[PDB]
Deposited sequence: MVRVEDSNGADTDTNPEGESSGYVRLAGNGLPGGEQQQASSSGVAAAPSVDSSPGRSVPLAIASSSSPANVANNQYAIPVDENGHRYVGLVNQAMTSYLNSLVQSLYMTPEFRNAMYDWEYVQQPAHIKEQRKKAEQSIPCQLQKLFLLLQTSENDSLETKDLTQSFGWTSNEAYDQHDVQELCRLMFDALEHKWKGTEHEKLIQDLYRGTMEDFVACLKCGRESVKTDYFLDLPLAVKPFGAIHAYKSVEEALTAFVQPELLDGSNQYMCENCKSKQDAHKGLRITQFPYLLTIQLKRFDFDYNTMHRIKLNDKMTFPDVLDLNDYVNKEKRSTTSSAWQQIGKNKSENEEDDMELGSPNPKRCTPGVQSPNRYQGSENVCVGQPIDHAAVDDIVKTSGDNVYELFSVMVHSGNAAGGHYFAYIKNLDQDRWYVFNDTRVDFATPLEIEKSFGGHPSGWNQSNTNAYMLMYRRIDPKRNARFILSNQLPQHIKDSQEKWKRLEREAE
């Protein structure tokens, strides 16, 4: 029987029309300890339309309501909708929170939690001069099939290395070096200088076809572990069972950037339009659950691994990690200490 850490029965979300991605995004955010606790710290006509207020109400009901399922109609009304992806949805919620939190202590909270830091370099080969500029990133889009590649990347780490791989600019796309005073061959590339606290990584499983002009889904196999070591990026294996603090220390010693998987956004069905659900892990309970619209159940490591790929062709398209820091990693606020009633 699914139970939360405070002994509360897990609650699903009603699938009104086709909005399974909304449920998966809310259950992921509501699962994020720092993001949920942030929500509780936040404080004639009445403005129900406030996306922060409705998101706060939905989190409160998701935690302290003895009901079968919760309706996201109020949250959709806050958006201003009458009958559209998940990333654009996440941008609308975050920007509405950032706008409401201006002047508040939580003004730069989405930055401190989800923003990463990298640098883009362009090195002209004739001059031998490199131009580096600082750039940030919220999510991390990784490619699956670098077409035409006969073999797609088998693991997330291999996609990460290819993302930070210096690529050569061809004659059609040559770099305009000012010192060269002409178009020139150059090395283009990106390298990560810092990872965000809450690592949001996206898999490019949806590709486009030239002849038919119809999008298609790439069900190629891509693996990801529960523990992620990313210390080599800043200058068969199974991890779905419960974690170990000792293996964390042995990798901690040779590197300080280790992350823990806690949310697995998967998609099943047709490429143009299908169904979305998520395998979510309680960071305080150390247990894997499955959130699928109104139905919330336990999750076995087998069905989480079975979604890597290989042919209803259900595969994960977005993964959520959190940095393993013993002091910064927070826990969900118990219901009793809330000063909001």
Practice prompt. Pop the missing stretches of the deposited sequence into a list, counting residues from 1 and keeping sequence order.
Written response: 1-77, 121-131, 172-177, 330-380, 457-462, 493-508
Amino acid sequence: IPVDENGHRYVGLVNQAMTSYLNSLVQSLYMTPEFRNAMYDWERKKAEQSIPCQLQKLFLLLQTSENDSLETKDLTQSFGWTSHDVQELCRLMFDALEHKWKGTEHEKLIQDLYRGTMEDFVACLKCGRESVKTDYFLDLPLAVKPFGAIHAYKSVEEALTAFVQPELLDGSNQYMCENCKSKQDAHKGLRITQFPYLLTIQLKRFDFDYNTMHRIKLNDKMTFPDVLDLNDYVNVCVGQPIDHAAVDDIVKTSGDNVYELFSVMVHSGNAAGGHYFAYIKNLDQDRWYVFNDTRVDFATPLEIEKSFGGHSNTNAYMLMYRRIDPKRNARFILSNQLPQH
From here on, numbers count along this sequence of modelled residues.
Item to complete: Between 61-69 and 30-38, name whichever shows the higher mean Cα B factor according to the PDB entry.
Response: 61-69
Practice prompt. Take the C-alpha B-factors listed in the entry for 184-192 and for 166-174, compute each mean, and give the stretch with the larger one.
Written response: 166-174
Worksheet, complete the sentence: When the entry's CA B-factors for 211, 161, 131, 111 are compared, the highest one belongs to 211
Worksheet entry | Ranked against its chain, the third holding the CA B-factor of residue 278 | lowest
Discussion item. By the recorded C-alpha temperature factor, relative to the other modelled residues in its chain, which third is residue 202 in?
Written reply: lowest
Worksheet entry | Within-chain third of residue 318 by Cα B-factor, per the entry | lowest
Practice prompt. Name the third of the chain's ranked CA B-factors that contains residue 225, choosing lowest, middle or highest.
Written response: middle
Fill in: Modelled-residue ranking by C-alpha temperature factor, third containing residue 296
highest
